[PDB]
>>> print(open('coords-v1.cif').read())   # mmCIF, C-alpha atoms
data_upload
#
loop_
_atom_site.group_PDB
_atom_site.id
_atom_site.type_symbol
_atom_site.label_atom_id
_atom_site.label_comp_id
_atom_site.auth_asym_id
_atom_site.auth_seq_id
_atom_site.Cartn_x
_atom_site.Cartn_y
_atom_site.Cartn_z
ATOM 1 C CA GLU A 854 -11.011 -6.454 -53.014
ATOM 2 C CA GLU A 855 -11.452 -5.927 -49.276
ATOM 3 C CA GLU A 856 -12.235 -9.429 -47.975
ATOM 4 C CA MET A 857 -8.578 -10.503 -48.016
ATOM 5 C CA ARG A 858 -7.257 -7.677 -45.837
ATOM 6 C CA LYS A 859 -9.462 -8.339 -42.799
ATOM 7 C CA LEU A 860 -8.373 -11.989 -42.677
ATOM 8 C CA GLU A 861 -4.636 -11.249 -42.612
ATOM 9 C CA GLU A 862 -5.177 -8.671 -39.864
ATOM 10 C CA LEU A 863 -7.250 -11.289 -38.032
ATOM 11 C CA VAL A 864 -4.409 -13.806 -37.734
ATOM 12 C CA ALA A 865 -1.869 -11.071 -36.969
ATOM 13 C CA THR A 866 -3.545 -9.866 -33.768
ATOM 14 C CA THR A 867 -3.699 -13.380 -32.312
ATOM 15 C CA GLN A 868 -0.094 -14.488 -32.836
ATOM 16 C CA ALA A 869 1.248 -11.143 -31.616
ATOM 17 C CA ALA A 870 -0.869 -11.317 -28.461
ATOM 18 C CA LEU A 871 -0.098 -14.978 -27.737
ATOM 19 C CA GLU A 872 3.662 -14.468 -27.441
ATOM 20 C CA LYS A 873 3.058 -11.472 -25.172
ATOM 21 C CA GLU A 874 0.898 -13.176 -22.526
ATOM 22 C CA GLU A 875 3.113 -16.145 -21.617
ATOM 23 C CA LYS A 876 6.165 -13.889 -21.662
ATOM 24 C CA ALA A 877 4.482 -11.793 -18.965
ATOM 25 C CA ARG A 878 2.942 -14.714 -17.050
ATOM 26 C CA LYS A 879 6.404 -16.263 -16.666
ATOM 27 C CA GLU A 880 8.332 -13.277 -15.306
ATOM 28 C CA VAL A 881 5.872 -12.198 -12.593
ATOM 29 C CA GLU A 882 6.745 -15.067 -10.248
ATOM 30 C CA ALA A 883 10.278 -15.367 -11.634
ATOM 31 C CA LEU A 884 11.232 -11.981 -10.186
ATOM 32 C CA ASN A 885 9.036 -12.152 -7.084
ATOM 33 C CA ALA A 886 9.949 -15.592 -5.723
ATOM 34 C CA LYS A 887 13.728 -15.157 -5.900
ATOM 35 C CA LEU A 888 13.410 -11.825 -4.079
ATOM 36 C CA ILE A 889 11.363 -13.138 -1.152
ATOM 37 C CA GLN A 890 13.741 -16.016 -0.400
ATOM 38 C CA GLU A 891 16.883 -13.870 -0.352
ATOM 39 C CA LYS A 892 15.533 -11.692 2.463
ATOM 40 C CA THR A 893 14.566 -14.682 4.616
ATOM 41 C CA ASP A 894 18.046 -16.191 4.950
ATOM 42 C CA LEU A 895 19.544 -12.756 5.612
ATOM 43 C CA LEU A 896 17.029 -11.733 8.287
ATOM 44 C CA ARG A 897 17.805 -14.698 10.548
ATOM 45 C CA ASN A 898 21.458 -13.848 9.952
ATOM 46 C CA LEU A 899 20.599 -10.262 10.906
ATOM 47 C CA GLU A 900 18.770 -10.625 14.234
ATOM 48 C CA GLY A 901 21.153 -13.357 15.359
ATOM 49 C CA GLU A 902 24.051 -10.981 14.747
ATOM 50 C CA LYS A 903 22.183 -8.082 16.375
ATOM 51 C CA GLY A 904 21.966 -10.338 19.414
ATOM 52 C CA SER A 905 25.689 -11.027 19.110
ATOM 53 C CA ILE A 906 26.770 -7.379 19.140
ATOM 54 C CA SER A 907 25.136 -6.780 22.521
ATOM 55 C CA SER A 908 26.815 -9.927 23.865
ATOM 56 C CA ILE A 909 30.235 -8.272 23.558
ATOM 57 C CA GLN A 910 28.738 -5.266 25.349
ATOM 58 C CA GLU A 911 27.402 -7.215 28.329
ATOM 59 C CA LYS A 912 30.486 -9.424 28.689
ATOM 60 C CA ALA A 913 32.814 -6.411 28.773
ATOM 61 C CA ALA A 914 30.872 -4.613 31.515
ATOM 62 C CA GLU B 854 -23.264 -11.089 -41.275
ATOM 63 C CA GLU B 855 -20.992 -14.103 -40.856
ATOM 64 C CA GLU B 856 -17.689 -12.516 -41.892
ATOM 65 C CA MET B 857 -17.854 -9.808 -39.223
ATOM 66 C CA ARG B 858 -18.764 -12.533 -36.725
ATOM 67 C CA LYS B 859 -15.441 -14.339 -37.197
ATOM 68 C CA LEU B 860 -13.580 -11.040 -36.810
ATOM 69 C CA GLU B 861 -15.143 -9.931 -33.538
ATOM 70 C CA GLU B 862 -14.620 -13.057 -31.419
ATOM 71 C CA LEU B 863 -10.815 -13.308 -31.475
ATOM 72 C CA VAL B 864 -10.451 -9.541 -31.019
ATOM 73 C CA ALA B 865 -12.594 -9.939 -27.886
ATOM 74 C CA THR B 866 -9.988 -12.381 -26.590
ATOM 75 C CA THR B 867 -7.237 -9.986 -27.700
ATOM 76 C CA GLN B 868 -8.838 -7.056 -25.875
ATOM 77 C CA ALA B 869 -9.068 -9.387 -22.877
ATOM 78 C CA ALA B 870 -5.405 -10.252 -23.502
ATOM 79 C CA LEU B 871 -4.089 -6.675 -23.576
ATOM 80 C CA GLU B 872 -5.764 -5.690 -20.300
ATOM 81 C CA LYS B 873 -4.206 -8.753 -18.665
ATOM 82 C CA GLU B 874 -0.901 -7.879 -20.356
ATOM 83 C CA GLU B 875 -0.710 -4.410 -18.795
ATOM 84 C CA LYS B 876 -1.956 -5.755 -15.450
ATOM 85 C CA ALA B 877 1.019 -8.093 -14.999
ATOM 86 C CA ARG B 878 3.677 -5.526 -15.893
ATOM 87 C CA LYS B 879 2.535 -2.567 -13.788
ATOM 88 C CA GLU B 880 2.530 -4.616 -10.578
ATOM 89 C CA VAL B 881 5.964 -6.145 -11.201
ATOM 90 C CA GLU B 882 7.630 -2.783 -11.859
ATOM 91 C CA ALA B 883 6.405 -1.176 -8.630
ATOM 92 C CA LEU B 884 7.662 -3.976 -6.381
ATOM 93 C CA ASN B 885 11.159 -3.810 -7.886
ATOM 94 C CA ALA B 886 11.049 0.001 -7.631
ATOM 95 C CA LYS B 887 11.786 0.038 -3.874
ATOM 96 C CA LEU B 888 13.146 -3.418 -3.052
ATOM 97 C CA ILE B 889 16.484 -3.203 -4.877
ATOM 98 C CA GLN B 890 17.343 -0.223 -2.683
ATOM 99 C CA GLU B 891 16.463 -2.389 0.326
ATOM 100 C CA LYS B 892 19.259 -4.863 -0.407
ATOM 101 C CA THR B 893 21.820 -2.093 -0.928
ATOM 102 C CA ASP B 894 21.648 -0.168 2.351
ATOM 103 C CA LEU B 895 21.591 -3.340 4.444
ATOM 104 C CA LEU B 896 24.884 -4.308 2.785
ATOM 105 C CA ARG B 897 26.365 -1.131 4.254
ATOM 106 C CA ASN B 898 24.559 -1.959 7.514
ATOM 107 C CA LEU B 899 26.099 -5.425 7.777
ATOM 108 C CA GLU B 900 29.620 -4.521 6.635
ATOM 109 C CA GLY B 901 29.719 -1.458 8.875
ATOM 110 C CA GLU B 902 28.925 -3.821 11.739
ATOM 111 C CA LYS B 903 31.071 -6.844 10.859
ATOM 112 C CA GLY B 904 34.037 -4.589 10.172
ATOM 113 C CA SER B 905 33.700 -3.487 13.794
ATOM 114 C CA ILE B 906 33.153 -7.062 15.026
ATOM 115 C CA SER B 907 36.543 -7.957 13.556
ATOM 116 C CA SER B 908 37.904 -4.862 15.319
ATOM 117 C CA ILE B 909 36.183 -5.165 18.706
ATOM 118 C CA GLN B 910 37.393 -8.718 19.320
ATOM 119 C CA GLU B 911 41.121 -8.123 18.852
ATOM 120 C CA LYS B 912 41.304 -5.491 21.582
ATOM 121 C CA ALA B 913 38.931 -7.440 23.828
ATOM 122 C CA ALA B 914 41.063 -10.578 23.481
#
>>> encode(input="coords-v1.cif", output="structure tokens")
Amino acid sequence: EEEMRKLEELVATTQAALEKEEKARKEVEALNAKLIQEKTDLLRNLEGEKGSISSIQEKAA
Amino acid sequence: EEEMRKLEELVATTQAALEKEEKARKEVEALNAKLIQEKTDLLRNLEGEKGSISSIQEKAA
């Protein structure tokens, strides 16, 4: 009466784990890669504008 | 015993699955924990500057 219950718990632990791995393996680079590109285009906009604010200071003196 | 042999192999993959499941999530929560504040205060940094750049040029012209 006990041989049936270990087989249904056997297939349940594998299908529940299998949907959990590839859900996590997808989102780790999905969040990281779109965050590292959006700082790179803003930083060259930043230091080029920080060079532009001193230009109005040297031209006025 | 052969019936306990079929039980223990896929659980060994599942115990290897759960440790890799928690490994991916705890590194992706800590990187988002400080970086979303990084994009907010630079927005005040840029707009507080470019609002002045629109204001410094009209009296310099």
>>> calpha_fit_and_write(input="coords-v1.cif", fixed="chain A", moving="chain B", output="PDB file with C-alpha atoms, in the frame of the given file")
ATOM      1  CA  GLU B 854     -11.410 -11.469 -51.007  1.00  0.00           C
ATOM      2  CA  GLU B 855     -11.661  -8.212 -49.071  1.00  0.00           C
ATOM      3  CA  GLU B 856     -13.633  -9.452 -46.059  1.00  0.00           C
ATOM      4  CA  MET B 857     -11.050 -12.086 -45.124  1.00  0.00           C
ATOM      5  CA  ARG B 858      -8.379  -9.410 -45.566  1.00  0.00           C
ATOM      6  CA  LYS B 859      -9.798  -7.261 -42.756  1.00  0.00           C
ATOM      7  CA  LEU B 860      -9.996 -10.322 -40.500  1.00  0.00           C
ATOM      8  CA  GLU B 861      -6.416 -11.506 -40.898  1.00  0.00           C
ATOM      9  CA  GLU B 862      -4.526  -8.283 -40.136  1.00  0.00           C
ATOM     10  CA  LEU B 863      -5.699  -7.615 -36.569  1.00  0.00           C
ATOM     11  CA  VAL B 864      -5.393 -11.304 -35.661  1.00  0.00           C
ATOM     12  CA  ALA B 865      -1.765 -11.059 -36.821  1.00  0.00           C
ATOM     13  CA  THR B 866      -1.280  -8.308 -34.246  1.00  0.00           C
ATOM     14  CA  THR B 867      -3.165 -10.414 -31.687  1.00  0.00           C
ATOM     15  CA  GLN B 868      -0.967 -13.451 -32.338  1.00  0.00           C
ATOM     16  CA  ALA B 869       1.980 -11.077 -31.942  1.00  0.00           C
ATOM     17  CA  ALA B 870       0.309  -9.830 -28.747  1.00  0.00           C
ATOM     18  CA  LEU B 871      -0.171 -13.240 -27.112  1.00  0.00           C
ATOM     19  CA  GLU B 872       3.447 -14.313 -27.629  1.00  0.00           C
ATOM     20  CA  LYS B 873       4.569 -11.052 -26.020  1.00  0.00           C
ATOM     21  CA  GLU B 874       1.974 -11.602 -23.279  1.00  0.00           C
ATOM     22  CA  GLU B 875       3.388 -14.984 -22.245  1.00  0.00           C
ATOM     23  CA  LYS B 876       6.960 -13.692 -22.600  1.00  0.00           C
ATOM     24  CA  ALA B 877       6.529 -11.028 -19.910  1.00  0.00           C
ATOM     25  CA  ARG B 878       4.876 -13.309 -17.356  1.00  0.00           C
ATOM     26  CA  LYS B 879       7.206 -16.316 -17.486  1.00  0.00           C
ATOM     27  CA  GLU B 880      10.288 -14.192 -16.783  1.00  0.00           C
ATOM     28  CA  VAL B 881       8.690 -12.310 -13.880  1.00  0.00           C
ATOM     29  CA  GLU B 882       7.550 -15.485 -12.109  1.00  0.00           C
ATOM     30  CA  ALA B 883      10.987 -17.127 -12.141  1.00  0.00           C
ATOM     31  CA  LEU B 884      12.783 -14.143 -10.607  1.00  0.00           C
ATOM     32  CA  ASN B 885      10.314 -13.963  -7.711  1.00  0.00           C
ATOM     33  CA  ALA B 886      10.567 -17.755  -7.306  1.00  0.00           C
ATOM     34  CA  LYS B 887      13.940 -17.605  -5.500  1.00  0.00           C
ATOM     35  CA  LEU B 888      14.345 -13.998  -4.362  1.00  0.00           C
ATOM     36  CA  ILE B 889      11.617 -13.894  -1.704  1.00  0.00           C
ATOM     37  CA  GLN B 890      13.442 -16.698   0.094  1.00  0.00           C
ATOM     38  CA  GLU B 891      16.590 -14.560  -0.105  1.00  0.00           C
ATOM     39  CA  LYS B 892      15.081 -11.813   2.052  1.00  0.00           C
ATOM     40  CA  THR B 893      13.812 -14.296   4.645  1.00  0.00           C
ATOM     41  CA  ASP B 894      16.985 -16.136   5.663  1.00  0.00           C
ATOM     42  CA  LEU B 895      19.021 -12.933   5.862  1.00  0.00           C
ATOM     43  CA  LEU B 896      16.471 -11.653   8.390  1.00  0.00           C
ATOM     44  CA  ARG B 897      17.420 -14.605  10.589  1.00  0.00           C
ATOM     45  CA  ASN B 898      21.072 -13.891   9.737  1.00  0.00           C
ATOM     46  CA  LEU B 899      20.890 -10.270  10.881  1.00  0.00           C
ATOM     47  CA  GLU B 900      18.757 -10.811  13.991  1.00  0.00           C
ATOM     48  CA  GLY B 901      20.850 -13.780  15.091  1.00  0.00           C
ATOM     49  CA  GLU B 902      23.835 -11.441  14.908  1.00  0.00           C
ATOM     50  CA  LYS B 903      22.380  -8.225  16.342  1.00  0.00           C
ATOM     51  CA  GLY B 904      20.836 -10.156  19.213  1.00  0.00           C
ATOM     52  CA  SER B 905      24.390 -11.187  20.081  1.00  0.00           C
ATOM     53  CA  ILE B 906      25.750  -7.662  19.516  1.00  0.00           C
ATOM     54  CA  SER B 907      23.352  -6.439  22.201  1.00  0.00           C
ATOM     55  CA  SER B 908      24.617  -9.314  24.362  1.00  0.00           C
ATOM     56  CA  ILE B 909      28.363  -9.109  23.688  1.00  0.00           C
ATOM     57  CA  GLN B 910      28.614  -5.428  24.611  1.00  0.00           C
ATOM     58  CA  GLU B 911      27.065  -5.620  28.081  1.00  0.00           C
ATOM     59  CA  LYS B 912      29.604  -8.138  29.355  1.00  0.00           C
ATOM     60  CA  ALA B 913      32.461  -6.402  27.539  1.00  0.00           C
ATOM     61  CA  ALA B 914      31.521  -3.058  29.104  1.00  0.00           C
TER      62      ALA B 914
END
>>> atom_distance(input="coords-v1.cif", atom1="CA of residue 903 (chain B)", atom2="CA of residue 885 (chain A)")
28.9 Å
>>> interface_residues(input="coords-v1.cif", of="chain B", to="chain A", cutoff="8 Å", atoms="all atoms listed in the file", output="PDB file with C-alpha atoms, in the frame of the given file")
ATOM      1  CA  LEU B 860     -13.580 -11.040 -36.810  1.00  0.00           C
ATOM      2  CA  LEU B 863     -10.815 -13.308 -31.475  1.00  0.00           C
ATOM      3  CA  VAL B 864     -10.451  -9.541 -31.019  1.00  0.00           C
ATOM      4  CA  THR B 867      -7.237  -9.986 -27.700  1.00  0.00           C
ATOM      5  CA  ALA B 870      -5.405 -10.252 -23.502  1.00  0.00           C
ATOM      6  CA  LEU B 871      -4.089  -6.675 -23.576  1.00  0.00           C
ATOM      7  CA  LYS B 873      -4.206  -8.753 -18.665  1.00  0.00           C
ATOM      8  CA  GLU B 874      -0.901  -7.879 -20.356  1.00  0.00           C
ATOM      9  CA  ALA B 877       1.019  -8.093 -14.999  1.00  0.00           C
ATOM     10  CA  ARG B 878       3.677  -5.526 -15.893  1.00  0.00           C
ATOM     11  CA  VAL B 881       5.964  -6.145 -11.201  1.00  0.00           C
ATOM     12  CA  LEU B 899      26.099  -5.425   7.777  1.00  0.00           C
ATOM     13  CA  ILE B 906      33.153  -7.062  15.026  1.00  0.00           C
ATOM     14  CA  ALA B 913      38.931  -7.440  23.828  1.00  0.00           C
TER      15      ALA B 913
END
>>> atom_distance(input="coords-v1.cif", atom1="CA of residue 887 (chain A)", atom2="CA of residue 872 (chain A)")
23.8 Å
>>> axis_aligned_box(input="coords-v1.cif", around="region 860-873 of chain B", padding_each_side="5 Å", output="lines of an AutoDock Vina configuration file")
center_x = -9.6
center_y = -9.5
center_z = -27.7
size_x = 21.1
size_y = 17.6
size_z = 28.1
>>> atom_distance(input="coords-v1.cif", atom1="CA of residue 914 (chain A)", atom2="CA of residue 900 (chain A)")
21.9 Å
>>> decode(input="coords-v1.cif", residues="region 856-905 of chain A", atoms="N, CA and C atoms", output="CSV table (one decimal), in the first residue's frame")
chain,number,residue,atom,x,y,z
A,856,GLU,N,4.0,1.5,-1.9
A,856,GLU,CA,4.9,1.6,-3.1
A,856,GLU,C,4.4,2.7,-4.1
A,857,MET,N,3.1,3.0,-4.1
A,857,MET,CA,2.5,4.0,-5.0
A,857,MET,C,2.9,5.4,-4.6
A,858,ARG,N,3.0,5.7,-3.3
A,858,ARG,CA,3.1,7.0,-2.8
A,858,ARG,C,4.5,7.6,-3.0
A,859,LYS,N,5.5,6.7,-3.0
A,859,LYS,CA,6.9,7.2,-3.3
A,859,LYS,C,7.1,7.5,-4.7
A,860,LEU,N,6.4,6.9,-5.6
A,860,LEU,CA,6.6,7.2,-7.1
A,860,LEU,C,5.9,8.5,-7.5
A,861,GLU,N,4.8,8.8,-6.9
A,861,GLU,CA,4.1,10.1,-7.3
A,861,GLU,C,4.8,11.3,-6.6
A,862,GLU,N,5.5,11.1,-5.5
A,862,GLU,CA,6.3,12.1,-4.9
A,862,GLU,C,7.7,12.2,-5.7
A,863,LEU,N,8.0,11.1,-6.4
A,863,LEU,CA,9.3,11.2,-7.1
A,863,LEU,C,9.2,12.1,-8.4
A,864,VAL,N,8.0,12.0,-9.1
A,864,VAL,CA,7.9,12.8,-10.3
A,864,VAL,C,7.5,14.2,-10.0
A,865,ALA,N,7.0,14.5,-8.7
A,865,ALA,CA,6.6,15.8,-8.4
A,865,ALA,C,7.8,16.7,-8.0
A,866,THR,N,8.8,16.1,-7.5
A,866,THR,CA,10.0,17.0,-7.1
A,866,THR,C,10.8,17.4,-8.3
A,867,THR,N,10.7,16.6,-9.4
A,867,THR,CA,11.5,16.9,-10.6
A,867,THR,C,10.8,18.0,-11.5
A,868,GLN,N,9.5,17.9,-11.7
A,868,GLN,CA,8.8,18.9,-12.5
A,868,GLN,C,8.7,20.2,-11.8
A,869,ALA,N,8.6,20.2,-10.5
A,869,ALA,CA,8.6,21.5,-9.7
A,869,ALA,C,10.0,22.2,-9.7
A,870,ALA,N,11.0,21.4,-9.7
A,870,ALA,CA,12.4,21.9,-9.7
A,870,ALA,C,12.8,22.4,-11.1
A,871,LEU,N,12.3,21.8,-12.2
A,871,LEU,CA,12.7,22.0,-13.5
A,871,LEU,C,12.2,23.4,-14.0
A,872,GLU,N,11.0,23.8,-13.6
A,872,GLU,CA,10.5,25.1,-14.0
A,872,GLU,C,11.1,26.2,-13.2
A,873,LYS,N,11.8,25.8,-12.1
A,873,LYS,CA,12.3,26.9,-11.2
A,873,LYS,C,13.7,27.2,-11.6
A,874,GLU,N,14.5,26.3,-12.2
A,874,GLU,CA,15.9,26.6,-12.6
A,874,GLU,C,15.9,27.5,-13.7
A,875,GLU,N,15.3,27.2,-14.8
A,875,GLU,CA,15.4,28.0,-16.1
A,875,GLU,C,14.6,29.3,-15.9
A,876,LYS,N,13.7,29.5,-15.0
A,876,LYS,CA,13.2,30.8,-14.6
A,876,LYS,C,14.2,31.6,-14.0
A,877,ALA,N,15.1,31.0,-13.2
A,877,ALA,CA,16.1,31.8,-12.5
A,877,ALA,C,17.3,32.0,-13.4
A,878,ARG,N,17.6,31.1,-14.2
A,878,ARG,CA,18.8,31.2,-15.1
A,878,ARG,C,18.6,32.2,-16.2
A,879,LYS,N,17.3,32.6,-16.5
A,879,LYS,CA,17.0,33.6,-17.5
A,879,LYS,C,17.1,35.0,-17.0
A,880,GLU,N,16.7,35.2,-15.7
A,880,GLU,CA,16.5,36.6,-15.2
A,880,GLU,C,17.8,37.2,-14.6
A,881,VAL,N,18.8,36.3,-14.5
A,881,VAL,CA,20.1,36.8,-13.9
A,881,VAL,C,20.9,37.7,-14.8
A,882,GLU,N,20.9,37.4,-16.1
A,882,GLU,CA,21.5,38.3,-17.1
A,882,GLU,C,20.5,39.2,-17.7
A,883,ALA,N,19.2,38.9,-17.6
A,883,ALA,CA,18.2,39.8,-18.1
A,883,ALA,C,18.1,41.1,-17.3
A,884,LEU,N,18.4,41.1,-16.0
A,884,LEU,CA,18.4,42.3,-15.2
A,884,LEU,C,19.8,43.0,-15.2
A,885,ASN,N,20.8,42.2,-15.3
A,885,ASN,CA,22.2,42.7,-15.2
A,885,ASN,C,22.6,43.4,-16.4
A,886,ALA,N,22.3,42.8,-17.6
A,886,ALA,CA,22.9,43.4,-18.8
A,886,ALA,C,22.2,44.7,-19.3
A,887,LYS,N,20.9,44.8,-19.0
A,887,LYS,CA,20.3,46.1,-19.3
A,887,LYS,C,20.6,47.2,-18.4
A,888,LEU,N,21.2,46.8,-17.2
A,888,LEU,CA,21.6,47.9,-16.2
A,888,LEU,C,23.0,48.4,-16.5
A,889,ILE,N,23.8,47.5,-17.1
A,889,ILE,CA,25.2,48.0,-17.3
A,889,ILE,C,25.4,48.8,-18.6
A,890,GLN,N,24.4,48.6,-19.5
A,890,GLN,CA,24.5,49.4,-20.7
A,890,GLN,C,23.9,50.8,-20.5
A,891,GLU,N,23.0,51.0,-19.6
A,891,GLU,CA,22.3,52.3,-19.5
A,891,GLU,C,23.1,53.2,-18.6
A,892,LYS,N,24.2,52.7,-18.0
A,892,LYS,CA,25.1,53.7,-17.3
A,892,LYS,C,26.2,54.1,-18.3
A,893,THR,N,26.5,53.3,-19.3
A,893,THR,CA,27.6,53.6,-20.2
A,893,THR,C,27.3,54.8,-21.1
A,894,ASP,N,26.1,54.8,-21.6
A,894,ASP,CA,25.7,55.9,-22.5
A,894,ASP,C,25.5,57.2,-21.7
A,895,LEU,N,25.2,57.1,-20.4
A,895,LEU,CA,25.0,58.3,-19.6
A,895,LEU,C,26.3,58.9,-19.1
A,896,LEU,N,27.3,58.0,-18.9
A,896,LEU,CA,28.6,58.5,-18.3
A,896,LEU,C,29.3,59.3,-19.3
A,897,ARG,N,29.3,58.9,-20.6
A,897,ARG,CA,30.0,59.8,-21.6
A,897,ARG,C,29.2,61.0,-21.9
A,898,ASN,N,27.9,61.0,-21.6
A,898,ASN,CA,27.1,62.2,-21.6
A,898,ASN,C,27.4,63.1,-20.4
A,899,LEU,N,27.9,62.4,-19.3
A,899,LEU,CA,28.1,63.1,-18.1
A,899,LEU,C,29.4,63.9,-18.1
A,900,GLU,N,30.5,63.2,-18.4
A,900,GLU,CA,31.8,63.9,-18.3
A,900,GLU,C,32.0,64.8,-19.4
A,901,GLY,N,31.3,64.6,-20.6
A,901,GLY,CA,31.4,65.6,-21.6
A,901,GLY,C,30.6,66.9,-21.3
A,902,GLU,N,29.6,66.7,-20.4
A,902,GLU,CA,28.8,67.9,-20.0
A,902,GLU,C,29.5,68.6,-18.8
A,903,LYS,N,30.2,67.8,-18.0
A,903,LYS,CA,31.0,68.4,-16.9
A,903,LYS,C,32.2,69.1,-17.4
A,904,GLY,N,32.6,68.8,-18.7
A,904,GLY,CA,33.6,69.6,-19.3
A,904,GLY,C,33.0,70.8,-20.0
A,905,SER,N,31.7,70.8,-20.2
A,905,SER,CA,31.0,71.9,-20.9
A,905,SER,C,30.6,73.0,-19.9
